[PDB]
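> experimental structure below, sequence on top.
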Number of protein chains: 2
Amino acid sequence: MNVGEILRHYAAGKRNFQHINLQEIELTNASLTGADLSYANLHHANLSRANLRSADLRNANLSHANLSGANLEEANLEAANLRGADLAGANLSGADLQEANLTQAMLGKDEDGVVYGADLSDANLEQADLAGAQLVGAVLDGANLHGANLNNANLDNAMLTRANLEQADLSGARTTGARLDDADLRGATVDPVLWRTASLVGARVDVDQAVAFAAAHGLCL
Amino acid sequence: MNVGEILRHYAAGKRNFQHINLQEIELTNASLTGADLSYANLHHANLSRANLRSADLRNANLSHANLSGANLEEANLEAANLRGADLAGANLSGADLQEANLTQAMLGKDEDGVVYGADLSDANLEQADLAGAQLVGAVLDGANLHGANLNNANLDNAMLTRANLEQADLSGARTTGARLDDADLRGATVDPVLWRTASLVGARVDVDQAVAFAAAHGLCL
(Lines give C-alpha, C1' and ligand atoms only; values in the text may rest on other atoms or scores of the structure.)
Protein backbone atom coordinates (compact mmCIF):
# COMPACT_ATOMS: atom_id res chain seq x y z
CA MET A 1 0.00 0.00 0.00
CA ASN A 2 1.26 3.61 -0.63
CA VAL A 3 1.36 6.54 1.87
CA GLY A 4 -1.71 8.37 0.34
CA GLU A 5 -3.97 5.28 0.63
CA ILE A 6 -3.04 4.36 4.14
CA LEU A 7 -3.34 7.96 5.51
CA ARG A 8 -6.80 8.13 3.93
CA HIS A 9 -7.74 4.78 5.54
CA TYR A 10 -6.40 5.89 9.01
CA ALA A 11 -8.10 9.31 8.66
CA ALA A 12 -11.41 7.57 7.82
CA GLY A 13 -11.04 5.59 11.10
CA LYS A 14 -9.88 2.19 9.75
CA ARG A 15 -7.55 0.37 12.22
CA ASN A 16 -7.14 -3.29 11.18
CA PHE A 17 -4.10 -3.55 8.86
CA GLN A 18 -2.76 -6.97 10.01
CA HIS A 19 -0.20 -8.81 7.73
CA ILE A 20 0.20 -5.78 5.40
CA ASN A 21 3.50 -5.60 3.40
CA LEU A 22 5.08 -2.14 3.88
CA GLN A 23 8.77 -2.95 3.25
CA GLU A 24 11.35 0.04 2.91
CA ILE A 25 8.65 2.79 3.43
CA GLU A 26 9.54 6.46 4.40
CA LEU A 27 7.21 7.69 7.27
CA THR A 28 9.32 10.05 9.47
CA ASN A 29 7.27 11.75 12.25
CA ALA A 30 4.11 9.69 11.39
CA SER A 31 1.24 9.17 14.02
CA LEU A 32 -0.74 5.87 13.95
CA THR A 33 -1.80 5.17 17.51
CA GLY A 34 -3.91 2.11 18.38
CA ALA A 35 -3.19 0.43 15.00
CA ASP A 36 -3.47 -3.42 14.41
CA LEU A 37 -0.30 -4.35 12.41
CA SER A 38 0.21 -7.88 13.64
CA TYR A 39 2.52 -9.99 11.30
CA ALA A 40 3.23 -6.96 9.08
CA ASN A 41 6.38 -6.78 6.81
CA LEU A 42 8.39 -3.60 7.61
CA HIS A 43 11.97 -4.62 6.70
CA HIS A 44 14.44 -1.62 6.50
CA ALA A 45 11.66 1.00 6.95
CA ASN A 46 12.34 4.73 8.05
CA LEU A 47 10.10 5.55 11.08
CA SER A 48 12.25 8.12 12.88
CA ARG A 49 10.30 9.97 15.70
CA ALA A 50 6.93 8.23 14.87
CA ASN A 51 3.94 8.04 17.46
CA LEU A 52 2.69 4.43 17.66
CA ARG A 53 1.26 4.35 21.19
CA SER A 54 -0.80 1.16 21.94
CA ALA A 55 -0.20 -0.50 18.54
CA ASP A 56 -0.45 -4.36 18.07
CA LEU A 57 2.72 -5.51 16.21
CA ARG A 58 2.97 -9.06 17.45
CA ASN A 59 5.24 -11.19 15.24
CA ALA A 60 5.92 -8.21 12.85
CA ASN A 61 9.07 -8.11 10.63
CA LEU A 62 11.04 -4.97 11.57
CA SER A 63 14.57 -6.04 10.62
CA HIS A 64 17.06 -3.11 10.11
CA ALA A 65 14.21 -0.60 10.52
CA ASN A 66 15.10 3.01 11.63
CA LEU A 67 13.00 3.76 14.76
CA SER A 68 15.11 6.51 16.36
CA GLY A 69 13.04 8.44 19.02
CA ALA A 70 9.78 6.68 18.15
CA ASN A 71 6.88 6.31 20.76
CA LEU A 72 5.67 2.74 21.50
CA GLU A 73 4.08 2.98 24.94
CA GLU A 74 2.03 -0.14 25.87
CA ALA A 75 2.52 -1.66 22.40
CA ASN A 76 2.23 -5.49 21.73
CA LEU A 77 5.52 -6.63 20.15
CA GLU A 78 5.55 -10.24 21.27
CA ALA A 79 7.87 -12.34 19.05
CA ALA A 80 8.55 -9.33 16.74
CA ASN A 81 11.66 -9.44 14.46
CA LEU A 82 13.82 -6.41 15.33
CA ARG A 83 17.26 -7.66 14.31
CA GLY A 84 19.62 -4.76 13.64
CA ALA A 85 16.92 -2.08 14.08
CA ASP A 86 18.04 1.50 15.12
CA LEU A 87 15.99 2.41 18.25
CA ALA A 88 18.24 5.09 19.73
CA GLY A 89 16.18 7.17 22.23
CA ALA A 90 12.82 5.45 21.62
CA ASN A 91 9.98 5.30 24.29
CA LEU A 92 8.80 1.69 24.85
CA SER A 93 7.43 2.12 28.37
CA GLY A 94 5.08 -0.76 29.46
CA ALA A 95 5.28 -2.56 26.10
CA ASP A 96 4.83 -6.41 25.73
CA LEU A 97 8.08 -7.67 24.14
CA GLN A 98 8.12 -11.29 25.24
CA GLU A 99 9.96 -13.75 22.95
CA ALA A 100 11.03 -10.77 20.72
CA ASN A 101 14.13 -10.88 18.45
CA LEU A 102 16.41 -7.98 19.31
CA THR A 103 19.74 -9.39 18.20
CA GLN A 104 22.27 -6.69 17.22
CA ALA A 105 19.71 -3.89 17.84
CA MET A 106 20.77 -0.24 18.65
CA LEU A 107 19.06 0.61 21.97
CA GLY A 108 21.66 2.99 23.27
CA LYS A 109 24.01 4.84 20.94
CA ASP A 110 27.42 6.50 21.85
CA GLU A 111 28.66 6.72 18.17
CA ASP A 112 29.58 10.50 18.35
CA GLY A 113 30.46 10.49 22.11
CA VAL A 114 26.91 11.33 23.42
CA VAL A 115 24.37 8.85 24.97
CA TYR A 116 20.99 8.23 23.22
CA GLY A 117 19.55 5.55 25.51
CA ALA A 118 16.18 3.90 24.80
CA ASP A 119 13.37 3.87 27.50
CA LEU A 120 12.13 0.40 28.52
CA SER A 121 10.74 1.04 31.97
CA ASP A 122 8.28 -1.70 33.17
CA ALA A 123 8.41 -3.55 29.81
CA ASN A 124 7.72 -7.34 29.49
CA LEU A 125 10.83 -9.00 27.98
CA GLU A 126 10.23 -12.57 29.14
CA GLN A 127 12.38 -14.97 27.06
CA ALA A 128 13.39 -12.16 24.60
CA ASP A 129 16.51 -12.61 22.40
CA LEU A 130 18.87 -9.60 22.81
CA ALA A 131 22.17 -11.19 21.86
CA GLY A 132 24.78 -8.60 20.78
CA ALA A 133 22.49 -5.58 21.18
CA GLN A 134 23.99 -2.10 21.97
CA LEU A 135 22.34 -0.60 25.08
CA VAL A 136 24.72 2.21 26.01
CA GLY A 137 22.90 4.35 28.61
CA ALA A 138 19.53 2.66 28.18
CA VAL A 139 16.93 2.77 31.01
CA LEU A 140 15.13 -0.45 31.96
CA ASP A 141 13.89 0.27 35.47
CA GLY A 142 11.42 -2.42 36.66
CA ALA A 143 11.41 -4.37 33.37
CA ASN A 144 10.64 -8.16 33.30
CA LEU A 145 13.64 -9.95 31.75
CA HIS A 146 12.83 -13.41 33.07
CA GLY A 147 14.82 -15.79 30.87
CA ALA A 148 16.09 -13.16 28.42
CA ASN A 149 19.15 -13.82 26.19
CA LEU A 150 21.79 -11.05 26.64
CA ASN A 151 24.88 -12.81 25.27
CA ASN A 152 27.68 -10.32 24.41
CA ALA A 153 25.31 -7.31 24.73
CA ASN A 154 26.64 -3.78 25.52
CA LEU A 155 25.14 -2.54 28.84
CA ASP A 156 27.72 0.15 29.56
CA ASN A 157 26.09 2.86 31.84
CA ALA A 158 22.66 1.25 31.49
CA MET A 159 20.05 1.55 34.36
CA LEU A 160 18.54 -1.81 35.43
CA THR A 161 17.25 -0.86 38.84
CA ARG A 162 14.52 -3.11 40.28
CA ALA A 163 14.53 -5.16 37.04
CA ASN A 164 13.62 -8.88 36.96
CA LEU A 165 16.64 -10.70 35.55
CA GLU A 166 15.82 -14.18 36.77
CA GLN A 167 17.27 -16.81 34.46
CA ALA A 168 18.69 -14.19 32.04
CA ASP A 169 21.93 -15.14 30.20
CA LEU A 170 24.53 -12.31 30.36
CA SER A 171 27.60 -14.27 29.26
CA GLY A 172 30.09 -11.84 27.60
CA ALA A 173 27.90 -8.78 28.25
CA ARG A 174 29.66 -5.42 28.78
CA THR A 175 28.50 -3.99 32.15
CA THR A 176 30.94 -1.19 32.92
CA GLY A 177 29.00 1.43 34.93
CA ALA A 178 25.75 -0.57 34.91
CA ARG A 179 23.25 0.31 37.69
CA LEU A 180 21.47 -2.74 39.10
CA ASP A 181 20.25 -1.59 42.46
CA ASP A 182 17.39 -3.82 43.69
CA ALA A 183 17.42 -6.00 40.60
CA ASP A 184 16.33 -9.62 40.86
CA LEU A 185 19.31 -11.57 39.56
CA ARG A 186 18.39 -14.98 40.93
CA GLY A 187 19.34 -17.65 38.41
CA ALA A 188 20.95 -15.33 35.88
CA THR A 189 24.20 -16.41 34.15
CA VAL A 190 26.99 -13.85 34.57
CA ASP A 191 30.66 -13.16 34.31
CA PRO A 192 32.59 -12.22 37.47
CA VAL A 193 33.38 -8.78 36.03
CA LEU A 194 29.78 -7.86 36.60
CA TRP A 195 30.32 -8.02 40.36
CA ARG A 196 33.13 -5.51 40.16
CA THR A 197 31.40 -3.12 37.78
CA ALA A 198 27.67 -2.97 38.53
CA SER A 199 26.10 -1.07 41.42
CA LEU A 200 24.28 -3.74 43.34
CA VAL A 201 22.66 -2.16 46.36
CA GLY A 202 19.64 -4.33 47.24
CA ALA A 203 20.21 -6.69 44.32
CA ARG A 204 18.50 -10.04 44.96
CA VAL A 205 20.97 -12.90 44.31
CA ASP A 206 21.62 -16.67 44.60
CA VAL A 207 24.14 -18.07 46.93
CA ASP A 208 26.19 -19.15 43.87
CA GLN A 209 26.24 -15.51 42.78
CA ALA A 210 27.15 -14.13 46.21
CA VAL A 211 30.14 -16.42 46.27
CA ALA A 212 31.10 -15.31 42.78
CA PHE A 213 30.82 -11.68 44.12
CA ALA A 214 33.21 -12.58 46.93
CA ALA A 215 35.51 -14.38 44.52
CA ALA A 216 35.39 -11.41 42.15
CA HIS A 217 36.77 -9.23 45.04
CA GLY A 218 39.60 -11.68 45.53
CA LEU A 219 38.44 -14.24 48.12
CA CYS A 220 39.92 -17.83 47.64
CA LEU A 221 37.92 -21.05 47.99
CA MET B 1 65.90 -12.32 94.69
CA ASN B 2 67.77 -8.99 94.05
CA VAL B 3 69.51 -7.86 90.79
CA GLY B 4 73.11 -8.51 92.11
CA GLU B 5 72.33 -12.15 93.05
CA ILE B 6 70.56 -13.08 89.89
CA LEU B 7 73.21 -11.49 87.56
CA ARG B 8 75.87 -13.44 89.47
CA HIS B 9 73.84 -16.67 89.07
CA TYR B 10 73.28 -16.03 85.28
CA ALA B 11 76.96 -15.07 84.83
CA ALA B 12 78.02 -18.30 86.58
CA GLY B 13 75.90 -20.22 84.02
CA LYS B 14 72.82 -21.07 86.15
CA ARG B 15 69.60 -21.23 84.04
CA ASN B 16 66.80 -22.88 86.06
CA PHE B 17 64.87 -20.13 87.92
CA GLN B 18 61.33 -21.60 87.67
CA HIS B 19 58.57 -20.19 90.03
CA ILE B 20 60.83 -17.34 91.28
CA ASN B 21 59.02 -14.22 92.67
CA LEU B 22 60.42 -11.09 90.98
CA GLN B 23 57.43 -8.70 91.31
CA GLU B 24 57.93 -4.88 90.40
CA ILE B 25 61.68 -5.31 89.45
CA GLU B 26 63.62 -2.68 87.33
CA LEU B 27 65.70 -4.48 84.56
CA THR B 28 65.71 -2.15 81.50
CA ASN B 29 67.96 -3.42 78.64
CA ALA B 30 68.68 -6.74 80.49
CA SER B 31 69.88 -9.94 78.54
CA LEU B 32 68.81 -13.38 79.86
CA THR B 33 68.53 -15.66 76.85
CA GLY B 34 67.59 -19.33 77.21
CA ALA B 35 66.34 -18.84 80.81
CA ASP B 36 63.80 -21.24 82.55
CA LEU B 37 61.27 -18.91 84.29
CA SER B 38 58.17 -21.07 84.11
CA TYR B 39 55.41 -19.99 86.64
CA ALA B 40 57.45 -16.95 87.75
CA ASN B 41 55.77 -13.86 89.41
CA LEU B 42 56.63 -10.68 87.44
CA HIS B 43 53.61 -8.42 88.12
CA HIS B 44 54.16 -4.72 87.09
CA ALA B 45 57.88 -5.26 86.26
CA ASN B 46 60.00 -2.80 84.02
CA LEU B 47 61.69 -4.83 81.21
CA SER B 48 61.88 -2.21 78.46
CA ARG B 49 64.16 -3.33 75.50
CA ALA B 50 65.26 -6.61 77.25
CA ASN B 51 66.78 -9.69 75.26
CA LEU B 52 64.96 -12.88 76.32
CA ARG B 53 65.38 -15.03 73.19
CA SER B 54 64.34 -18.71 73.71
CA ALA B 55 63.18 -18.28 77.34
CA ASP B 56 60.60 -20.71 78.97
CA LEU B 57 57.89 -18.55 80.64
CA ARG B 58 54.96 -20.92 80.49
CA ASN B 59 52.18 -19.92 82.90
CA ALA B 60 54.22 -16.88 84.19
CA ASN B 61 52.48 -13.86 85.84
CA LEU B 62 53.32 -10.76 83.75
CA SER B 63 50.30 -8.56 84.49
CA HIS B 64 50.83 -4.79 83.77
CA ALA B 65 54.52 -5.45 83.01
CA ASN B 66 56.41 -2.91 80.77
CA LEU B 67 57.95 -4.91 77.87
CA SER B 68 58.32 -2.15 75.26
CA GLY B 69 60.76 -3.26 72.45
CA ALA B 70 61.77 -6.47 74.23
CA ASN B 71 63.11 -9.59 72.26
CA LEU B 72 61.21 -12.89 72.79
CA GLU B 73 61.99 -14.93 69.68
CA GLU B 74 60.97 -18.62 70.01
CA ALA B 75 59.99 -18.16 73.67
CA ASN B 76 57.49 -20.53 75.48
CA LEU B 77 54.66 -18.37 76.88
CA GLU B 78 51.85 -20.90 76.88
CA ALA B 79 49.06 -19.85 79.30
CA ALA B 80 51.11 -16.81 80.49
CA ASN B 81 49.26 -13.93 82.26
CA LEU B 82 49.90 -10.75 80.25
CA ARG B 83 46.82 -8.70 81.12
CA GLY B 84 47.45 -4.99 80.58
CA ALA B 85 51.14 -5.44 79.73
CA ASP B 86 52.87 -2.73 77.53
CA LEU B 87 54.49 -4.60 74.57
CA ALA B 88 54.73 -1.75 72.07
CA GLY B 89 57.30 -2.71 69.37
CA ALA B 90 58.38 -6.04 70.91
CA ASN B 91 59.81 -9.00 68.81
CA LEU B 92 57.90 -12.25 69.52
CA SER B 93 58.65 -14.04 66.24
CA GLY B 94 57.99 -17.84 66.39
CA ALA B 95 56.99 -17.81 70.08
CA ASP B 96 54.54 -20.40 71.63
CA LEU B 97 51.65 -18.33 73.07
CA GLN B 98 48.83 -20.85 73.10
CA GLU B 99 46.11 -20.35 75.75
CA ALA B 100 47.87 -17.06 76.83
CA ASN B 101 46.01 -14.20 78.59
CA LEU B 102 46.48 -11.00 76.61
CA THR B 103 43.37 -9.11 77.63
CA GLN B 104 43.78 -5.32 77.41
CA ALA B 105 47.45 -5.65 76.33
CA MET B 106 49.29 -2.86 74.34
CA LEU B 107 50.61 -4.57 71.19
CA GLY B 108 50.44 -1.60 68.89
CA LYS B 109 50.52 1.95 70.23
CA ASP B 110 49.32 5.19 68.42
CA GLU B 111 49.14 7.32 71.66
CA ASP B 112 51.26 10.27 70.25
CA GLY B 113 50.15 9.79 66.58
CA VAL B 114 52.97 7.32 65.57
CA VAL B 115 52.66 3.48 65.18
CA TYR B 116 54.71 1.16 67.47
CA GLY B 117 53.41 -2.22 66.30
CA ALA B 118 54.57 -5.48 67.91
CA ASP B 119 56.07 -8.36 65.75
CA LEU B 120 54.23 -11.71 65.98
CA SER B 121 55.16 -13.35 62.72
CA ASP B 122 54.66 -17.19 62.73
CA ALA B 123 53.67 -17.24 66.44
CA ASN B 124 51.41 -19.98 67.96
CA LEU B 125 48.32 -18.28 69.46
CA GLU B 126 45.96 -21.26 69.51
CA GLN B 127 43.04 -20.56 71.91
CA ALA B 128 44.75 -17.36 73.26
CA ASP B 129 42.62 -14.70 75.05
CA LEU B 130 43.18 -11.25 73.45
CA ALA B 131 39.93 -9.54 74.38
CA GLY B 132 40.22 -5.72 74.28
CA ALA B 133 43.90 -5.65 73.31
CA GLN B 134 45.33 -2.65 71.32
CA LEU B 135 47.11 -3.85 68.16
CA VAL B 136 47.45 -0.66 66.13
CA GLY B 137 49.87 -1.45 63.28
CA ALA B 138 50.96 -4.82 64.64
CA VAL B 139 52.40 -7.49 62.28
CA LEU B 140 51.13 -11.06 62.58
CA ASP B 141 52.02 -12.57 59.22
CA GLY B 142 51.56 -16.38 59.22
CA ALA B 143 50.58 -16.61 62.91
CA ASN B 144 48.34 -19.49 64.21
CA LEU B 145 45.23 -17.94 65.81
CA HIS B 146 43.07 -21.06 65.70
CA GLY B 147 40.30 -20.42 68.22
CA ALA B 148 41.69 -17.14 69.58
CA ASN B 149 39.46 -14.65 71.47
CA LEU B 150 39.65 -11.15 69.87
CA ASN B 151 36.48 -9.57 71.28
CA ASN B 152 36.53 -5.74 70.97
CA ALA B 153 40.28 -5.72 70.09
CA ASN B 154 41.85 -2.81 68.11
CA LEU B 155 43.32 -4.12 64.81
CA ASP B 156 43.45 -0.81 62.98
CA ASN B 157 46.21 -0.99 60.24
CA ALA B 158 47.39 -4.39 61.51
CA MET B 159 48.98 -6.96 59.06
CA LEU B 160 47.39 -10.45 59.24
CA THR B 161 48.49 -11.81 55.91
CA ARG B 162 48.49 -15.62 55.59
CA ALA B 163 47.42 -15.91 59.26
CA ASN B 164 45.32 -18.85 60.57
CA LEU B 165 42.16 -17.34 62.04
CA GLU B 166 40.02 -20.45 62.03
CA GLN B 167 37.43 -20.32 64.79
CA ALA B 168 38.71 -16.96 66.11
CA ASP B 169 36.10 -14.62 67.70
CA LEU B 170 36.39 -11.04 66.36
CA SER B 171 33.05 -9.68 67.57
CA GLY B 172 33.37 -5.87 68.08
CA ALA B 173 36.99 -5.78 66.85
CA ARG B 174 38.19 -2.58 65.12
CA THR B 175 39.56 -3.55 61.66
CA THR B 176 39.86 -0.28 59.77
CA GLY B 177 42.81 -0.67 57.35
CA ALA B 178 43.53 -4.27 58.40
CA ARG B 179 45.47 -6.38 55.85
CA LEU B 180 44.26 -9.98 55.66
CA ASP B 181 45.46 -11.15 52.31
CA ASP B 182 45.59 -14.98 52.19
CA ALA B 183 44.39 -15.38 55.76
CA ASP B 184 42.44 -18.48 56.74
CA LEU B 185 39.20 -17.13 58.14
CA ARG B 186 37.14 -20.31 57.99
CA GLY B 187 34.90 -20.50 61.04
CA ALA B 188 35.85 -17.15 62.52
CA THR B 189 33.12 -14.93 64.04
CA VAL B 190 33.06 -11.44 62.51
CA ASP B 191 31.13 -8.26 62.05
CA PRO B 192 30.10 -7.21 58.53
CA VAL B 193 32.27 -4.09 58.76
CA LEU B 194 35.29 -6.32 58.43
CA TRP B 195 34.30 -7.14 54.85
CA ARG B 196 34.27 -3.49 53.91
CA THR B 197 37.49 -2.57 55.69
CA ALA B 198 40.00 -5.43 55.43
CA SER B 199 42.05 -6.26 52.35
CA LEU B 200 41.07 -9.80 51.58
CA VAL B 201 42.91 -10.91 48.47
CA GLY B 202 43.23 -14.71 48.69
CA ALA B 203 41.52 -14.89 52.08
CA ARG B 204 40.13 -18.38 52.69
CA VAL B 205 36.48 -18.15 53.83
CA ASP B 206 33.25 -20.08 54.59
CA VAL B 207 30.23 -19.80 52.46
CA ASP B 208 28.47 -18.06 55.40
CA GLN B 209 31.25 -15.46 55.34
CA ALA B 210 31.19 -14.96 51.56
CA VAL B 211 27.49 -14.21 51.79
CA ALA B 212 28.13 -11.79 54.63
CA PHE B 213 30.78 -10.16 52.33
CA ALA B 214 28.15 -9.80 49.61
CA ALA B 215 25.62 -8.52 52.12
CA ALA B 216 28.18 -6.07 53.49
CA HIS B 217 28.46 -4.58 49.92
CA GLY B 218 24.70 -4.17 49.81
CA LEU B 219 23.26 -7.36 48.28
CA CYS B 220 19.73 -8.35 49.61
CA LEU B 221 18.67 -11.90 50.50
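Received it, and whenever you're ready, just let me know what you need. Residues are numbered from 1 along each chain as shown, chains lettered A, B, ... in the order given.
> how long is stretch A:195-213 from one end to the other?
End-to-end distance for stretch A:195-213, by Cα to Cα, to the nearest Å: 5 Å.
> does chain B sit close to it?
Yes. Contact of stretch A:195-213 with chain B (Cβ under 8 Å from any Cβ of the partner chain) involves A:200, A:201, A:202, A:203, A:204, A:205, A:207, A:210, A:211, A:213. From N, CA and C alone the C-beta is placed, and that goes for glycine too.
> quick one: what helix or strand has residue A:4 in it?
Taking DSSP states H and E as the definition, one finds residue A:4 inside helix A:3-11.
> whoops, I mixed them up, residue A:194
helix A:193-197.
> show me what counts as buried in whichever helix or strand comes after that helix.
Following helix A:193-197 in sequence order, the next helix or strand is helix A:207-216 (DSSP H and E). Counting neighbours by 16 or more other Cβ atoms under 10 Å in any protein chain shown, one finds that the buried residues in helix A:207-216 are A:209, A:210, A:211, A:212, A:213, A:214, A:215, A:216.
> and which of those is nearest to residue B:35?
Using Cβ to Cβ, residue A:214 comes nearest to residue B:35 of those, at 47.3 Å.
> from residue B:208, how far out is that closest one?
Distance, residue A:214 to residue B:208, by Cβ to Cβ, to the nearest Å: 11 Å.
> what of residue A:138?
37 Å.
> again with residue A:115
Counting by Cβ to Cβ - residue A:115 and residue B:208 are separated by 41 Å.
> swap in residue A:48?
55 Å.
> do the same with residue A:102
In terms of Cβ to Cβ, residue A:102 sits 40 Å off from residue B:208.
> around chain B, pick out the residues from chain A.
Going by Cβ under 8 Å from any Cβ, the residues of chain A near chain B are A:182, A:200-205, A:207, A:210-211, A:213-215, A:217-221.
> strands of chain A, residue ranges please.
Per DSSP state E, chain A carries strands over the ranges A:106-109, A:116-117, A:134-135.
> nearest to residue A:57, of those strands?
strand A:106-109 (16.6 Å).
> how far does the closest one sit from the chain's center?
9 Å (Cα atoms, centre = their mean, to the nearest Å).
> likewise stretch A:79-93?
Distance, centroid of stretch A:79-93 to centroid of chain: 6 Å (Cα atoms, centre = their mean).
> quote the end-to-end distance of that stretch.
Using Cα to Cα, the two ends of stretch A:79-93 sit 17 Å apart.
> neighbouring contacts of that stretch?
A:57-75, A:97-109, A:116-123 (Cβ atoms under 8 Å, 6 or more residues apart in numbering or on different chains).
> and if you look at stretch A:165-173?
By Cβ under 8 Å, 6+ apart, the list of residues contacting stretch A:165-173 reads A:145-155, A:183-191, A:194.
> ok, the closest residue to residue A:207 other than its chain neighbours - contacts?
Distances taken as Cβ to Cβ, 6 or more residues apart in numbering or on different chains place residue B:211 nearest to residue A:207, at 6.5 Å, with adjacent residues excluded. Going by Cβ under 8 Å, 6+ apart, residue B:211 touches A:207, A:210, A:211, A:214, B:221.
> of those residues, just say which sits nearest to residue A:9.
Closest approach to residue A:9 among the contacts of residue B:211 (Cβ to Cβ): residue B:221, at 55.3 Å.
> my read: residue A:214 touches residue B:206, true?
No. Here residue A:214 does not reach residue B:206: they are 10.4 Å apart, not a contact under Cβ atoms under 8 Å.
> wait, isn't residue A:3 in contact with residue A:25?
Yes. With contact defined as Cβ under 8 Å, residue A:3 counts as touching residue A:25 (7.3 Å).
> which one of these two has more residues nearby?
Neighbour totals were compared for residue A:3 and residue A:25, and residue A:25 leads with 18 against 12 (other Cβ atoms under 10 Å in any protein chain shown).
> how much space between the more buried one and chain B?
48 Å (Cβ to the nearest Cβ, to the nearest Å).
> now do the contacts for that residue.
Residue A:25 neighbours (Cβ under 8 Å, 6+ apart): A:3, A:42, A:45, A:46.
> again, but for residue A:52
Here residue A:52 is in contact with A:32, A:33, A:35, A:70, A:71, A:72, A:75 (criterion: Cβ under 8 Å, 6+ apart).
> and it, how far is that from chain B?
37 Å.
> re the thing from before, need the max-distance pair from the contacts of residue A:25.
Among those, A:3 and A:42 lie farthest apart (Cβ to Cβ), at 13.8 Å.
> buried ones in stretch A:192-204, by neighbour count?
In stretch A:192-204, counting by 16+ other Cβ under 10 Å, buried: A:194, A:195, A:197, A:198, A:199, A:200, A:203, A:204.
> and which of these is nearest residue B:16?
Using Cβ to Cβ, the buried residues of stretch A:192-204 come closest to residue B:16 at residue A:195, 59.9 Å.
> got the contact list for the closest one?
Counting by Cβ under 8 Å, 6+ apart, residue A:195 has contacts A:212, A:213, A:216, A:217.
> quick one: which of those is nearest residue B:11?
Of the contacts of residue A:195, the one sitting nearest to residue B:11 (Cβ to Cβ) turns out to be residue A:217, at 57.7 Å.
> quick check, that closest one in contact with residue B:213.
Yes. Contact criterion Cβ under 8 Å: residue A:217 and residue B:213 qualify, at 7.2 Å.
> my read is that residue A:190 contacts residue A:212, right?
Yes. Using Cβ under 8 Å, residue A:190 is in contact with residue A:212, at 7.4 Å.
> in the sheet, who's paired with residue A:119?
Beta bridges link residue A:119 to residue A:91, residue A:139, judged by DSSP bridges.
> now do the contacts for it.
So residue A:119 contacts A:89, A:90, A:91, A:92, A:93, A:138, A:139 (Cβ under 8 Å, 6+ apart).
> distance of it from chain B?
Distance from residue A:119 to chain B, by Cβ to the nearest Cβ: 26 Å.
> just to revisit the earlier point, just the buried ones from the contacts of stretch A:79-93, in ChimeraX syntax?
Selecting only the buried entries of the contacts of stretch A:79-93 in ChimeraX, with 16+ other Cβ under 10 Å as the criterion:
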select /A:57,58,59,60,61,62,63,64,65,66,67,68,69,70,71,72,73,75,97,98,99,100,101,102,103,104,105,106,107,108,109,116,117,118,119,120,121,122,123
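> for residue A:145, see how far away residue A:127 is.
9 Å.
> who's more crowded, those two?
residue A:145 (28 against 18).
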